[PDB]
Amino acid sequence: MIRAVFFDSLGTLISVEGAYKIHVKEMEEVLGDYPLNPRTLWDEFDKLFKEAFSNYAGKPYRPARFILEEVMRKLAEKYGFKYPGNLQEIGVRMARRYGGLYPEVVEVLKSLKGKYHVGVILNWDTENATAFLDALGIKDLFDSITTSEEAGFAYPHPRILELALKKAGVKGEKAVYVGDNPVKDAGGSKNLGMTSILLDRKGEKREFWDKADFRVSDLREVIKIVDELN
């Protein structure tokens, strides 16, 4: 019955502890020798980039590289540090150095890939998203990489999922959907017939429990769930 498994957003693959490290080390490289706290610069930057990026939700996609540069450009002015080019390429380097994938990702992707179409969906730019997956070492494990830039709209928008399924050549009813935030993923409260799996690593997402077919704290359960559905 099931022919494709999709992972939406990097929260289903990267841990909060690993993500925060890459982010911390990201600002470290940006500041260099300039006397600024990387912890605080991340706080203001993450706050500002969220504001700017949220204004495009479900609307025609503007690449994040241009929204990041503007946010970073303003911070450089505010605090008086040089802007060392695009942050996107710095992130790929930090992911290379420190990683941050959940311990079982590569194992789970490897098993599913032998039986089903394993695709990933991201609310990011196509080029950088692929480079980031390569840095983590899981790019070649996916049968398809679908992004908001390719679909033309930011999260949420049906064209993203529609295109992901088009790549796999399967209908939604024959696909599984792994996400970590139902109100911040590609399909929003929409799936196209897909069987949803909510990743709650800590069991602290009660508000999202009732809007997901299955719940798991370990991605290896995605193997069993998909297996039983067949």
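The first residue of the shown sequence is 1; numbering continues from there.
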Between 35-43 and 62-70, the record assigns the higher mean Cα B factor to 35-43
State which stretch shows the higher mean Cα B factor in the entry: 105-113 or 81-89. 81-89
Highest CA temperature factor in the entry: which of 163, 178, 30, 48? 30
Residue 215: CA B-factor among chain residues, third -> lowest
What third of its chain's C-alpha B-factors does residue 119 belong to: lowest, middle or highest? lowest
Record-listed C-alpha B factor of residue 98: chain third: highest
Within-chain third of residue 167 by Cα B-factor, per the entry: middle
Splitting the chain's C-alpha B-factors into thirds, which one does residue 1 fall into? highest
